Structure formats: structure tokens, C-alpha cells
């Protein structure tokens, strides 16, 4: 599945996100809900207000998962197991949406890393996110 040098890049990129999980996670979800309104449909129980304790709380859980994805970037399937089961089976999240969250996470990184979000880092992170997205819709049945 993943490459090598890319593993170093995404690890760099991560070290930046790792210290702002709650904010980055919250901003990511807020951007998704704002840009792709249709996604709100999956959170009818949430208060989708930008400063929502819920959004922030979720955002923190999302980025936490990604962090653990980074740590086990070499056996993704066995780590995200519980999450693919939840998203695929329990939630029935349309796979198209994983692309939407992925772009929003990247926008958050570009906004905060500016020039440091280089074509190389962008490319490595884009692979990582697509890989993670694949394992989440791997139980698709």
C-alpha cells in the first residue's frame, strides 16, 4: 500500500497537525459542512454550529484517528478495521464523501502551512488520505 519517502513527508506534515488536533479537526468538518452542505445529512443529531462543542469534539476524534493511521501507515487495514465497519456497515457513508473530507483536511493544512505545503508534501499526503479513504469503504457490502 503506501510508499517510503512519502512516509517521512506525511510524518512531517503530521507533526504540524498533531499539536492542533481539536482546532484542525473542527475546521476540517466546518469547511466540509459549509462547502458540501449535503454532508450534514450524516449528522442529524449534531449541532452544526461552527463553534459547536459537538463539532469540535468530533473533529478531535477524526484527527486522532488519522494520527493513529500515520503511526500504522504500514498495516492500515488492520488499524482502521473498526472504523470501516462503522462507516460502511452501520452508517452507509457514500464513498464520494471521503474525497470531500480529504480535500477539506488538505485545505486546513495549506491554510496553516502556507508555502510549506509543497507539491511533494501535497502529493504524499494526498496518497495517504486516499489510502485511508479506501480502507474505510473496504467493507463495502
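Numbering follows the first chain given and starts at 1.
Engineer: Comparing 10-18 with 118-126, which has the greater mean CA B-factor as deposited?
Structural biologist: Mean CA B-factor is higher for 10-18.
Engineer: For the higher mean C-alpha B factor in the entry, choose 94-102 or 79-87.
Structural biologist: Averaging CA B-factors over each stretch, the winner is 79-87.
Engineer: From 57, 64, 50, 44, pick the one with the largest CA B-factor in the entry?
Structural biologist: Answer, based on the entry's C-alpha B-factors: 50.
Engineer: Based on the deposited C-alpha B factors for this chain, I'd like to know if residue 35 is in the lowest, middle or highest third.
Structural biologist: Within its chain, residue 35 is a middle-third residue by C-alpha B-factor, going by the deposited values.
Engineer: Sorting the chain's modelled residues by C-alpha B-factor, tell me whether residue 107 ends up in the lowest, middle or highest third.
Structural biologist: Tercile = middle for this residue's CA B-factor.
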